[PDB]
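**Student:**
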Amino acid sequence: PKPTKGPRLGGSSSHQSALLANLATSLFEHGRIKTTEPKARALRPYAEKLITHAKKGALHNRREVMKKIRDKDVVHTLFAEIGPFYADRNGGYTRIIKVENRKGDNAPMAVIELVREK
Amino acid sequence: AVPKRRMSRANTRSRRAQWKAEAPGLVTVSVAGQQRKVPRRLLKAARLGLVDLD
Amino acid sequence: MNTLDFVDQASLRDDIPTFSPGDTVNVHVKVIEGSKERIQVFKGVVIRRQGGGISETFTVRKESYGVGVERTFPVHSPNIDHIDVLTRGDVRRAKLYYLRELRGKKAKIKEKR
Amino acid sequence: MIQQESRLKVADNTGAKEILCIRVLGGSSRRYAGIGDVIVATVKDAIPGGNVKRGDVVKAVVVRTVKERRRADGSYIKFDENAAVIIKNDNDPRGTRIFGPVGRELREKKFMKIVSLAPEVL
Amino acid sequence: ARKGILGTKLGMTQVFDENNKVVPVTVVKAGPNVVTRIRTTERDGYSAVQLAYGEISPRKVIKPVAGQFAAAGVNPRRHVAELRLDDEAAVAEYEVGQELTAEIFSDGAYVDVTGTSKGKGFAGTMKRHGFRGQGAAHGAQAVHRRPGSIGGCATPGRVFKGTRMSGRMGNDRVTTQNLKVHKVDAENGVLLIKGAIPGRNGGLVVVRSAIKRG
RNA sequence: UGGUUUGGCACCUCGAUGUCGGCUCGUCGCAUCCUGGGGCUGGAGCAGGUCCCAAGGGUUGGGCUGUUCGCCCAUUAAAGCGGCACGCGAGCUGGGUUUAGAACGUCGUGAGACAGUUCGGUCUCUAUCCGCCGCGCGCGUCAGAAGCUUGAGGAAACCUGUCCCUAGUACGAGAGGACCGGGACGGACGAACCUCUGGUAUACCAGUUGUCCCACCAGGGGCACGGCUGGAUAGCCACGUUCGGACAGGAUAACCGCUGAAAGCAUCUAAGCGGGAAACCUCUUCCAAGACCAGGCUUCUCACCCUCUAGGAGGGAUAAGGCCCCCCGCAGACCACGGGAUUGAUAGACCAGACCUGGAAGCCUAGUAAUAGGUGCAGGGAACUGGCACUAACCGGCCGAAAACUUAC
Ligand SMILES: [Mg+2]
Ligand SMILES: [Mg+2]
Ligand SMILES: [Mg+2]
Ligand SMILES: [Mg+2]
Ligand SMILES: [Mg+2]
Ligand SMILES: [Mg+2]
Ligand SMILES: [Mg+2]
Ligand SMILES: [Mg+2]
Ligand SMILES: [Mg+2]
Ligand SMILES: [Mg+2]
Ligand SMILES: [Mg+2]
Ligand SMILES: [Mg+2]
Ligand SMILES: [Mg+2]
Ligand SMILES: [Mg+2]
Ligand SMILES: [Mg+2]
Ligand SMILES: [Mg+2]
Ligand SMILES: [Mg+2]
Ligand SMILES: [Mg+2]
Ligand SMILES: [Mg+2]
Ligand SMILES: [Mg+2]
Ligand SMILES: [Mg+2]
Ligand SMILES: [Mg+2]
Ligand SMILES: [Mg+2]
Ligand SMILES: [Mg+2]
Ligand SMILES: [Mg+2]
Ligand SMILES: [Mg+2]
Ligand SMILES: [Mg+2]
Ligand SMILES: [Mg+2]
Ligand SMILES: [Mg+2]
Ligand SMILES: [Mg+2]
Ligand SMILES: [Mg+2]
Ligand SMILES: [Mg+2]
Ligand SMILES: [Mg+2]
Ligand SMILES: [Mg+2]
Ligand SMILES: [Mg+2]
Ligand SMILES: [Mg+2]
Ligand SMILES: [Mg+2]
Ligand SMILES: [Mg+2]
Ligand SMILES: [Mg+2]
Ligand SMILES: [Mg+2]
Ligand SMILES: [Mg+2]
Ligand SMILES: [Mg+2]
Ligand SMILES: [Mg+2]
Ligand SMILES: [Mg+2]
Ligand SMILES: [Mg+2]
Ligand SMILES: [Mg+2]
Ligand SMILES: [Mg+2]
Ligand SMILES: [Mg+2]
Ligand SMILES: [Mg+2]
Ligand SMILES: [Mg+2]
Ligand SMILES: [Mg+2]
Ligand SMILES: [Mg+2]
Ligand SMILES: [Mg+2]
Ligand SMILES: [Mg+2]
Ligand SMILES: [Mg+2]
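In structure tokens form, the structure reads like this:
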């Protein structure tokens, strides 16, 4: 993907990767998540790429997704349910909805969901 | 450094005036049978009911 | 697609033999000498190659009288008459920069069989 | 690619080994030296029995460079060690034998004796 | 007198001369253009011709511009510029509705290029104006790259309006003169210009007949 | 004449005027170093001596002393003289001078001193105003908007060398050796650009030390300057690629003149007419109608009400247009700028290509072993190019238009 044009988010590339992986696994487990807008903006392409790798199920893809997210239960449920459900759709795997602003810091949030129309 | 003299009242007020805030625009949206005003930035959230309204 | 392809194709030169870095090659190069040309032969080994389509370039190296020498040629240079590959090599990496600190027998490369 | 206070290896039989660059000719405040440029320098180490002893001041010409130099055709040249040739006022060599190959630019720089005496050219 | 033509910058590419030489060139797409208006002395006070370029959907343009183009008698276009001539005989050559192409030029004729520079953003003094910094060690106090002394003391006692110092750079019109032209392609209507010309990929550029020597 | 060195007066400042050089950065004068144009020579010519006009540009790098000053080493045309609180510490450097030790020598019996010598010795401050470099909001240009331009008026740059012809001719006893005019090749400086070479590459690839972890083999991950090593697509830059230094015209300084009385002659002059330079004005690039004489050519709408009291004004509703929000950029401190809003390729993903990297896992085979070979231009991959509405730009809100009159036609 395109690397962040400006300075990283958390204060280190390691923190970037770890936080992004944590958000990805949480999203896969739940389905709906609300957080700061920039985090969702950065996450969307990563989730799309992960689902792309998932779409064509095979041992190599299994190994890659495991290497990336590191959670056996999550990978199992992923390749058990999500994979086939997105068989006929090309691209456009996620949507982001803008939501109301915060009170403590006045920083906007946004909620992202998996497409479920079909 | 430091300032040398106390500026004039007129100068102070003139410089102060520009410091303010701007109001945002509103849009009419209908939910649950009544019309209430929300910013256009929250149209989809209001439609889907993901934003709480007092 | 290299949108400049429709202009590059006209000047693109065909009939270039395939080869890989780390192979013994000799090149025939044209030269002008007092309004009279001749053919000069340069035998050496290739160590790098940058993909550039029309601008692709490669290098050759040879040891001469205890001091090494190298050259760079545009792959589609009209001064090039024939490329004659001699042997096929085998090295793990695609770039052979590390040879510059080796002398004598150490500079030898395994032959691919 | 030679500047002031540099060390160059002599590829001649005059007896000099290393010469200390003083500065380069060709114009006021001339900064960078290229193949085929007249230079004035002084010898630092030389064979004890040589014709010229250490501490003299002489003029030479650069013949080899280690920095890639553009050729008008598009080919490039770099060498593994800088080399220079001792020269005198008449633009001819002081010695009689040249060691190692030499560049091609000398031909159009009009130094004919050096190219003729050189064993190989490029 | 002084011919001209519009175009667009595309990129860079190599071409080899018949004498077996190497010369980088730029590719410029001088697309077809139309003449919408002519300026005459007794009407305006000068002599010039108006051109247009670009393909745009009708609903894009605004109504006054659409009406102007309709009155002229041509379809809408994106950009418009003019070429300033020096006499009446030359302007007499051009007429409204005429179509121009890249053929008008011939190889070996020097021309000029006009365009806009890049966007560099706010930059420091040493970069924008090529100042020379000072010692980075042996007793520095965080003055590594700032200029330093700026003017006199009490005589006169100001900054001498016009002094060179920090500020934004780039994003302005720049021109280069007497550039050689190598080859012209009729079917593709593209130009091969030796050297590098200002602008950015997919930008606007106007080329004119050389003045200095042409 | 100049007030620039050494000097004389104590008139402004002891509830403070911080100090020599160096570094960086200017600006000005000419008593001219070259670059330019002339004349007089104890001017054969090259080359010299002197005077006159001329301030556009440039005026190197090193060794020695803290040094100013000064000496020396190698080229070029030269390595010019000075002012601006002996330019510049709210931009920087503390080498000595001017604090507290100790010593040497001298003076003094002593406490100490000596513009004599040697060693180390804290340099503070968050920008109110003027000014300057950039960018915004408001307001008028006489109905309101939009596209395109004239230029008063300003800014930017202004540098030269080597070689070959003319001709070994003119000149000169010889040695030696030209004016003018053409042709070729170079140094510095500046601008633009990334196609070739180079620098960089914090979500790329491969190897590898230690350790912990995913039940274990295999295979993987976290951490230890990205753990360390060998490699680079894009973007930004130079050591890289191109190009710039005018020609020509007008009026002038120094000088050279033609016709000519005063004053029968003579004289470049008092009437007139001419030649004559990087100096001046146009000619090169850029800014520019807040130039208040507020310019010029065009196209678009040129119409719906209410109120106070009918004198004008205010308020509400509209057209042209603009703005807010939304996706973005090589446009970017923020704003602004440029494109896009379903009548759609703006971004993301997918496919495909180029490119980078270098031969995946599993299986099988050979080898006891550590390892190698086949399935295989293999596997993985951001920045460049093309197709696809799969996702995201929406059933959307705010500003926004003739008091008029006088004169000839
Ligand atoms: Mg610059
Ligand atoms: Mg520096
Ligand atoms: Mg500090
Ligand atoms: Mg520092
Ligand atoms: Mg007094
Ligand atoms: Mg007083
Ligand atoms: Mg006082
Ligand atoms: Mg004080
Ligand atoms: Mg002071
Ligand atoms: Mg001081
Ligand atoms: Mg004078
Ligand atoms: Mg002179
Ligand atoms: Mg004289
Ligand atoms: Mg002068
Ligand atoms: Mg000037
Ligand atoms: Mg010293
Ligand atoms: Mg001064
Ligand atoms: Mg001072
Ligand atoms: Mg001074
Ligand atoms: Mg000064
Ligand atoms: Mg300060
Ligand atoms: Mg201050
Ligand atoms: Mg002391
Ligand atoms: Mg002191
Ligand atoms: Mg004491
Ligand atoms: Mg004491
Ligand atoms: Mg004593
Ligand atoms: Mg005594
Ligand atoms: Mg005593
Ligand atoms: Mg002593
Ligand atoms: Mg001490
Ligand atoms: Mg102090
Ligand atoms: Mg302080
Ligand atoms: Mg202040
Ligand atoms: Mg301020
Ligand atoms: Mg003007
Ligand atoms: Mg590099
Ligand atoms: Mg780099
Ligand atoms: Mg483990
Ligand atoms: Mg297992
Ligand atoms: Mg670890
Ligand atoms: Mg670290
Ligand atoms: Mg990392
Ligand atoms: Mg590394
Ligand atoms: Mg490579
Ligand atoms: Mg760069
Ligand atoms: Mg007379
Ligand atoms: Mg007379
Ligand atoms: Mg106006
Ligand atoms: Mg509007
Ligand atoms: Mg905008
Ligand atoms: Mg493997
Ligand atoms: Mg990519
Ligand atoms: Mg892109
Ligand atoms: Mg309103």
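Residue numbers (the entry's author numbering), protein chains in the order written: chain j, 2 to 119; chain x, 2 to 55; chain l, 1 to 113; chain g, 1 to 122; chain a, 2 to 215. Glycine included, C-beta positions come from ideal geometry on N, C-alpha and C.
How close, in whole Å, do the beta carbons of residue 121 of chain l and l/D23 come, if the pair is a contact with beta carbons under 8 Å?
**Tutor:** As shown, chain l starts at 1 and ends at 113. That puts residue 121 of chain l outside it, with no answer to give.
**Student:** With a 10 Å radius around its C-beta and 16 neighbouring C-beta atoms as the bar for buried, classify residue 1 of chain a as buried or exposed.
**Tutor:** Missing from the structure shown is residue 1 of chain a; chain a here goes from 2 to 215 and no further.
**Student:** For l/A10, which option in a/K61, a/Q99, a/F17, a/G149 has the closest C-alpha, if you only look at C-alpha atoms?
**Tutor:** If we check each option's Cα against that of l/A10, a/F17 comes out closest.
**Student:** Name, going along the chain, the residues of the segment 10–23 of chain a whose beta-carbon falls closer than 9 Å to a beta-carbon of chain l.
**Tutor:** Flagged, chain order: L11, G12, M13, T14, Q15, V16, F17, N21, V23.
**Student:** On a Cα-Cα basis, can you pick out the residue from a/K121, a/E83, a/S107 that is closest to a/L193?
**Tutor:** Considering only alpha carbons, the answer is a/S107.
**Student:** Looking only at its chain, what residues have a beta carbon closer than 8 Å to the beta carbon of a/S48, apart from the 5 residues adjacent to it on each side?
**Tutor:** Excluding positions up to five away in sequence, the list reads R40, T41, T42, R85, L86, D87, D88, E89, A91, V92.
**Student:** Please identify, using Cβ separations under 9 Å, the residues of the segment 70–96 of chain l that lie next to chain g, in order along the chain.
**Tutor:** Within the segment 70–96 of chain l, the residues whose Cβ lies closer than 9 Å to some Cβ of chain g are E70, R71, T72, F73, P74, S77, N79, listed in chain order.
**Student:** Is it buried or exposed for j/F29, if we count other Cβ within 10 angstroms and need 16 for buried?
**Tutor:** Result: buried.
**Student:** Could you list the residues in the segment 53–64 of chain j with a C-beta less than 9 Å from some C-beta on chain x, going in chain order?
**Tutor:** Taking 9 Å as the Cβ-Cβ cut-off against chain x, none of the residues of the segment 53–64 of chain j qualify.
**Student:** Tell me, please, whether the CB atom of a/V182 is closer than 8 Å to any CB atom in chain l?
**Tutor:** Output row for a/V182: interface = no.
**Student:** Figure out for me which residue from g/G50, g/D45, g/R107 has the closest Cα to the Cα of g/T14.
**Tutor:** Closest option to g/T14, Cα to Cα, is g/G50.
**Student:** Only counting runs of 3 or more residues, tell me where the beta strand (DSSP E) segments fall wholly within the segment 91–125 of chain a, in order along the chain.
**Tutor:** If we require 3 residues or more, the beta strand (DSSP E) runs fully inside the segment 91–125 of chain a come out as 112–117, 120–124.
**Student:** Could you check where the beta strand (DSSP E) with j/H54 kicks off and where it finishes?
**Tutor:** Looking at the DSSP string, j/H54 is not in any beta strand (DSSP E); the run it does join, the alpha helix (DSSP H), is 38–56.
**Student:** With a Cβ-Cβ cutoff of 8 Å, do a/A73 and a/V97 count as a contact?
**Tutor:** Yes, these two residues count as a Cβ contact at 8 Å.
**Student:** With a CB to CB cut of under 7 Å and the five nearest residues on each side skipped, what residues in its chain are close to a/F161?
**Tutor:** Contacts found: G152.
**Student:** Taking only beta-carbon atoms, is x/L43 less than 8 Å away from chain j?
**Tutor:** Output row for x/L43: interface = yes.
**Student:** Give a yes or no on whether the minimum CB-CB distance between x/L51 and chain j is below 8 Å.
**Tutor:** By this cut-off, x/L51 is an interface position.
**Student:** Tell me which residues share the same chain as l/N79 and place their Cβ nearer than 7 Å to its Cβ, disregarding the 5 neighbours each side in the sequence.
**Tutor:** Result list for l/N79: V29, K30, in chain order.
**Student:** Assuming j/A111 contacts j/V100 under a Cβ cut-off of 8 Å, what Cβ separation, rounded to an integer in Å, is found between them?
**Tutor:** Yes, they are in contact, since the Cβ atoms of j/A111 and j/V100 sit about 6 Å apart, within 8 Å.
**Student:** Opposite x/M8 in the DSSP bridges: which residues?
**Tutor:** Bridge partners of x/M8: none, in fact.
**Student:** Mind checking if l/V60 is an interface residue toward chain g, Cβ cutoff 8 Å exclusive?
**Tutor:** Closer than 8 Å: no.
**Student:** Could you name the residues of the same chain whose beta carbon sits closer than 6 Å to that of g/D80, not counting the 5 residues immediately before and after it, in chain order?
**Tutor:** None.
**Student:** If you follow the beta strand (DSSP E) that a/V182 is part of, which residue opens it and which one closes it?
**Tutor:** Its beta strand (DSSP E) spans residues 182–186.
**Student:** Looking only at C-alpha atoms, which of a/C154, a/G136, a/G140, a/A155 sits nearest to a/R146?
**Tutor:** When each option's Cα is compared against that of a/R146, the closest is a/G136.
**Student:** Using 8 Å as the threshold, is the segment 94–109 of chain l in touch with the segment 2–9 of chain g, meaning 3 or more CB pairs across them?
**Tutor:** Touching, no, given that fewer than three Cβ pairs across the two stretches are closer than 8 Å.
**Student:** Look up a/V81 in the DSSP assignment and say whether it is helix, strand or coil.
**Tutor:** In this structure, a/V81 counts as strand in the three-state DSSP scheme.
**Student:** What residues of chain x sit near j/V116, judged by a beta carbon separation below 8 Å?
**Tutor:** Under the 8 Å cutoff, chain x gives no residues; its nearest Cβ is about 14 Å from j/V116.
**Student:** If you follow the beta strand (DSSP E) that a/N34 is in, where does it begin and where does it stop?
**Tutor:** First-last of the beta strand (DSSP E) with a/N34: 34–40.
**Student:** By how many angstroms is the C-alpha of j/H16 removed from the C-alpha of j/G58?
**Tutor:** Taking the straight line from one Cα to the other gives about 29 Å.
**Student:** With distances taken between CB atoms, is the gap from j/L10 to j/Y47 smaller than 8 Å?
**Tutor:** Contact flag unset, no.
**Student:** Around the Cβ of g/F111, are there at least 16 other Cβ atoms within 10 angstroms (buried) or fewer (exposed)?
**Tutor:** Classification for g/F111: buried.
**Student:** Would you mind telling me which residues of chain a sit closer than 9 Å to l/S55, beta carbon to beta carbon, in chain order?
**Tutor:** Going along chain a in sequence order, the residues near l/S55 (Cβ under 9 Å) are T14, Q15.
**Student:** With a threshold of 8 Å between beta-carbons, can x/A24 be considered close to chain j, or not?
**Tutor:** Not an interface residue.
**Student:** Check this for me: beta carbons of g/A118 and g/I87, under 8 Å apart or not?
**Tutor:** No.
**Student:** Buried or exposed for x/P4, going by 16 or more other Cβ atoms inside 10 Å?
**Tutor:** Exposed is the call here.
**Student:** Relative to the C-alpha of g/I35, which residue among g/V121, g/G103, g/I19, g/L122 is closest?
**Tutor:** Closest option to g/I35, Cα to Cα, is g/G103.
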